[PDB]
Amino acid sequence: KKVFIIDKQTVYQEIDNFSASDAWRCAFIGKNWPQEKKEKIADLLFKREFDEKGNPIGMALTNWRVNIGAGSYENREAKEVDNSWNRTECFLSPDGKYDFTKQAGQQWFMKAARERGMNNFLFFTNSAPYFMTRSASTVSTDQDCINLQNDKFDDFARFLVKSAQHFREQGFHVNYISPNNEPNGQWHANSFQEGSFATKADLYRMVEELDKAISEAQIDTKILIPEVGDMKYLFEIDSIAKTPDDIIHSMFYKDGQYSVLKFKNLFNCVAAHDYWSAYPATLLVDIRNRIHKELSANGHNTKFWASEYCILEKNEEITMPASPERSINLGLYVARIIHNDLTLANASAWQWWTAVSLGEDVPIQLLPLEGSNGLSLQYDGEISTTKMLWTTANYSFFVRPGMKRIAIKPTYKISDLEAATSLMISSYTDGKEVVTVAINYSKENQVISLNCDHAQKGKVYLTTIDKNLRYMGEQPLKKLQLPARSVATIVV
């Protein structure tokens with residue numbers, strides 16, 4: 001039996017949110033799906049309530065990422081995005097007129113979120129509007145620099161700011177704008193999707209122009225970068241001048257070549273994606289420790305956000321025919337990413353890629369109605385929750401904006417690396433509740449003692465192969481039973 005002491009006096013990062021993305025699919029669901037199904041998805045995502053038996057109803061996410069379209073849909077007769085799922089409309093047209101009735105399905109999702117008490121939005125782009133680009137398309141045709149014309153950084157910044165301002169004037173708190181996605185990526189090799197490579201010089205200009213545009217508009221919105229596809233780009237990795245690597249030192253130190261710290265409207269936070277660094281455990285823990293080491297020595301109190309992930313990689317832990325065992329394996333694999341982001345990288349936010357998917361790689365899997373194909377999902381389908389939804393919820397439903405991570409140390413020291421394959425646990429508080437989330441990654445049931453001031457009991461919520469964040473009643477803290485292969489949230 002293991003004993004953990006919670007220390008309310010040792011405080012780490014402030015929590016901003018847990019999030020997911022509306023990209024690609026929500027345009028269809030919000031516009032076409034049956035009302036009751038739409039509403040049900042919205043409840044699983046946003047609604048912070050318990051059902052009749054005391055079980056959380058969903059993730060109750062506290063940010064929502066909206067994909068501002070670049071118009072690969074209007075421009076589709078060009079050499080554009082090659083499929084109907086992944087094309088986007090654009091509010092702005094080449095004549096400079098705005099049509100805010102577009103992106104209707106996604107606007108439905110904004111409205112549904114707000115209705116459920118979640119009014120915190122981030123607007124993100126995968127490309128500048130097709131007509132502003134070098135290739136005349138959201139599909140770029142080189143890796144030289146950003147697929148955006150040299151005199152259109154201001155036009156693009158103005159487009160992004162006007163869109164945010166429009167939605168603010170409709171009552172939506174669009175608090176962040178993310179102008180560039182995975183700028184390290186060789187996007188010109190990919191027509192499945194909108195995209196652009198970009199250099200740090202490109203990124204710096206976008207920050208500079210957005211900063212100016214936000215000040216002119218006087219909107220309460222901040223700029224988030226760089227959304228690198230792999231956390232390795234946060235440090236220097238090659239000898240190629242153009243590469244947007246070395247993000248932390250070059251962009252988020254005051255003497256960095258492309259330091260953005262001076263910009264008033266910068267969100268003081270670095271965003272990167274979890275991709276390709278979640279396995280093996282040695283890589284998982286080392287790279288995330290490095291983030292916190294380098295970032296916290298910048299003397300600026302800069303936050304970190306893990307801003308995109310889905311199951312993309314393949315490995316022995318998660319690559320398997322579909323099964324209830326595969327299902328919980330995926331849930332625990334991702335819960336481990338979450339824990340290490342929060343505790344090693346000290347992340348202030350953890351964000352999914354698309355909330356819904358046809359695969360088993362995010363919170364909600366969409367199943368064709370029987371006998372139907374994948375394209376039929378543009379119109380109607382069946383909602384299936386994954387264990388990833390529930391293991392995220394262990395965190396997201398209970399770890400609310402404004403809470404701070406606090407210390408929870410065992411009596412016997414474990415290494416970051418050893419914890420990753422056995423038992424991971426972290427705590428958070430708003431001064432009224434203390435929330436502890438324990439991952440039992442091992443194949444053995446474990447018993448723990450939770451020492452938390454003078455408290456004797458907590459409510460337990462449990463996700464296993466059999467359980468979707470099931471409420472387990474008030475439990476004695478001195479003897480908390482952690483099933484093998486489970487995530488438990490303990491609320492004091």
# chains A, B, ... in the order shown; residues from 1 in each chain; ligands from 1
>>> select_by_dssp(residues="stretch 158-285 of chain A", states="strand (DSSP E)", output="MDAnalysis selection string")
chainID A and resid 174:178 222:228 266:272
>>> residues_around(residues="stretch 122-128 of chain A", least_positions_apart="6", cutoff="6 Å", atoms="only C-alpha atoms", output="MDAnalysis selection string")
chainID A and resid 65:68 70 138 174 176:179 181 194:195
>>> write_last_selection(atoms="N, CA, C and O atoms", output="compact mmCIF listing (two decimals), in the first residue's frame")
# COMPACT_ATOMS: atom_id res chain seq x y z
N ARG A 65 -12.06 24.79 -29.97
CA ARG A 65 -11.25 25.33 -31.06
C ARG A 65 -12.05 25.34 -32.38
O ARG A 65 -12.47 24.28 -32.86
N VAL A 66 -12.24 26.54 -32.93
CA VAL A 66 -13.00 26.74 -34.16
C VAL A 66 -12.07 26.97 -35.38
O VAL A 66 -11.24 27.90 -35.38
N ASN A 67 -12.20 26.13 -36.39
CA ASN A 67 -11.45 26.25 -37.64
C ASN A 67 -12.08 27.30 -38.55
O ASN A 67 -13.10 27.06 -39.21
N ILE A 68 -11.45 28.47 -38.57
CA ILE A 68 -11.83 29.53 -39.48
C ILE A 68 -11.36 29.09 -40.87
O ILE A 68 -10.17 28.86 -41.11
N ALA A 70 -10.66 28.79 -45.03
CA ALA A 70 -9.73 29.47 -45.92
C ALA A 70 -10.31 29.40 -47.33
O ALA A 70 -9.71 29.90 -48.28
N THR A 138 -5.50 26.80 -50.98
CA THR A 138 -5.15 26.43 -49.60
C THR A 138 -4.15 25.26 -49.61
O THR A 138 -3.50 24.96 -48.59
N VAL A 174 -14.39 34.95 -28.03
CA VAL A 174 -13.26 34.47 -28.80
C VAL A 174 -12.05 35.12 -28.17
O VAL A 174 -11.77 36.30 -28.40
N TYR A 176 -8.76 33.83 -28.16
CA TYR A 176 -7.46 33.48 -28.75
C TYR A 176 -7.56 33.32 -30.26
O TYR A 176 -8.62 32.92 -30.78
N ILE A 177 -6.49 33.67 -30.96
CA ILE A 177 -6.36 33.47 -32.40
C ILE A 177 -5.05 32.78 -32.67
O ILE A 177 -4.00 33.28 -32.28
N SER A 178 -5.13 31.65 -33.36
CA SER A 178 -3.98 30.86 -33.71
C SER A 178 -3.79 30.85 -35.24
O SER A 178 -4.47 30.13 -35.96
N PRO A 179 -2.89 31.72 -35.76
CA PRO A 179 -2.82 31.96 -37.21
C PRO A 179 -2.15 30.83 -38.01
O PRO A 179 -2.43 30.67 -39.21
N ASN A 181 -0.74 26.64 -38.24
CA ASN A 181 -0.76 25.27 -37.75
C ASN A 181 0.42 24.47 -38.26
O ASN A 181 0.73 24.49 -39.46
N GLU A 194 -6.18 21.54 -45.93
CA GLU A 194 -5.56 22.87 -45.92
C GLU A 194 -4.29 22.90 -45.08
O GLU A 194 -4.19 22.25 -44.04
N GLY A 195 -3.29 23.67 -45.52
CA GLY A 195 -2.04 23.75 -44.76
C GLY A 195 -1.04 24.73 -45.32
O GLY A 195 -1.15 25.17 -46.48
>>> closest_residue(among="A:45, A:482, A:146, A:284", to="residue A:448", atoms="only C-alpha atoms")
A:482
>>> select_by_dssp(residues="stretch 153-280 of chain A", states="alpha helix (DSSP H)", output="PyMOL selection string")
chain A and resi 153-169+200-217+247-252
>>> residues_around(residues="stretch 227-234 of chain A", least_positions_apart="3", cutoff="6 Å", atoms="only C-alpha atoms", output="ChimeraX atom specification")
/A:181-182,245-248,271-273,275
>>> write_last_selection(atoms="N, CA and C atoms", output="PDB file, in the first residue's frame")
ATOM      1  N   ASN A 181      -0.742  26.637 -38.236  1.00  0.00           N
ATOM      2  CA  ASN A 181      -0.756  25.273 -37.747  1.00  0.00           C
ATOM      3  C   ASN A 181       0.417  24.468 -38.264  1.00  0.00           C
ATOM      4  N   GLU A 182       1.047  23.730 -37.369  1.00  0.00           N
ATOM      5  CA  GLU A 182       2.178  22.878 -37.733  1.00  0.00           C
ATOM      6  C   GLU A 182       3.048  23.503 -38.862  1.00  0.00           C
ATOM      7  N   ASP A 245      12.288  25.529 -36.138  1.00  0.00           N
ATOM      8  CA  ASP A 245      12.681  24.883 -34.900  1.00  0.00           C
ATOM      9  C   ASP A 245      13.178  25.952 -33.941  1.00  0.00           C
ATOM     10  N   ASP A 246      13.747  25.506 -32.829  1.00  0.00           N
ATOM     11  CA  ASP A 246      14.303  26.407 -31.817  1.00  0.00           C
ATOM     12  C   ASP A 246      13.310  27.457 -31.324  1.00  0.00           C
ATOM     13  N   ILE A 247      12.023  27.083 -31.309  1.00  0.00           N
ATOM     14  CA  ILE A 247      10.933  27.998 -30.954  1.00  0.00           C
ATOM     15  C   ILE A 247      11.126  28.654 -29.580  1.00  0.00           C
ATOM     16  N   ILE A 248      11.415  27.865 -28.557  1.00  0.00           N
ATOM     17  CA  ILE A 248      11.517  28.449 -27.232  1.00  0.00           C
ATOM     18  C   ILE A 248      12.557  29.587 -27.162  1.00  0.00           C
ATOM     19  N   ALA A 271       2.447  26.992 -27.751  1.00  0.00           N
ATOM     20  CA  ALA A 271       1.601  25.851 -28.117  1.00  0.00           C
ATOM     21  C   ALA A 271       2.322  24.862 -28.997  1.00  0.00           C
ATOM     22  N   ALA A 272       2.319  23.604 -28.579  1.00  0.00           N
ATOM     23  CA  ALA A 272       2.816  22.519 -29.421  1.00  0.00           C
ATOM     24  C   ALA A 272       1.930  21.285 -29.281  1.00  0.00           C
ATOM     25  N   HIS A 273       2.034  20.398 -30.267  1.00  0.00           N
ATOM     26  CA  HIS A 273       1.246  19.165 -30.328  1.00  0.00           C
ATOM     27  C   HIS A 273       2.014  17.984 -29.774  1.00  0.00           C
ATOM     28  N   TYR A 275       1.973  14.911 -30.847  1.00  0.00           N
ATOM     29  CA  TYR A 275       2.303  13.906 -31.850  1.00  0.00           C
ATOM     30  C   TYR A 275       3.767  13.431 -31.807  1.00  0.00           C
TER      31      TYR A 275
END
>>> atom_distance(atom1="atom CA of residue A:473", atom2="atom CA of residue A:460")
6.0 Å
>>> residues_around(residues="stretch 393-403 of chain A", least_positions_apart="5", cutoff="7 Å", atoms="only C-alpha atoms", output="list in words")
residues 14, 15, 16, 17, 18, 48, 58, 59, 60, 61, 428, 429, 430, 435, 437, 469, 488 and 489 of chain A
>>> write_last_selection(atoms="C-alpha atoms", output="mmCIF file, in the first residue's frame")
data_model
loop_
_atom_site.group_PDB
_atom_site.id
_atom_site.type_symbol
_atom_site.label_atom_id
_atom_site.label_comp_id
_atom_site.auth_asym_id
_atom_site.auth_seq_id
_atom_site.Cartn_x
_atom_site.Cartn_y
_atom_site.Cartn_z
ATOM 1 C CA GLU A 14 -2.755 27.735 -13.334
ATOM 2 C CA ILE A 15 -5.200 25.636 -15.445
ATOM 3 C CA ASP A 16 -6.651 27.411 -18.491
ATOM 4 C CA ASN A 17 -8.834 24.686 -20.134
ATOM 5 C CA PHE A 18 -9.307 21.332 -21.717
ATOM 6 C CA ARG A 48 -20.935 20.083 -16.762
ATOM 7 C CA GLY A 58 -19.302 14.116 -20.455
ATOM 8 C CA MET A 59 -15.943 15.871 -20.751
ATOM 9 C CA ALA A 60 -17.386 19.327 -19.933
ATOM 10 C CA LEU A 61 -14.622 20.935 -22.017
ATOM 11 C CA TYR A 428 -5.350 20.535 -8.442
ATOM 12 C CA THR A 429 -7.358 22.965 -6.370
ATOM 13 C CA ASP A 430 -9.475 26.101 -6.384
ATOM 14 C CA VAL A 435 -9.111 17.108 -7.182
ATOM 15 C CA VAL A 437 -6.434 12.028 -10.673
ATOM 16 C CA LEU A 469 -16.332 7.631 -15.364
ATOM 17 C CA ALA A 488 -9.707 7.452 -10.821
ATOM 18 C CA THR A 489 -10.664 10.966 -9.924
#
>>> closest_residue(among="A:383, A:136, A:283, A:414", to="residue A:367", atoms="only C-alpha atoms")
A:383
>>> closest_residue(among="A:480, A:492, A:332, A:389", to="residue A:56", atoms="only C-alpha atoms")
A:389
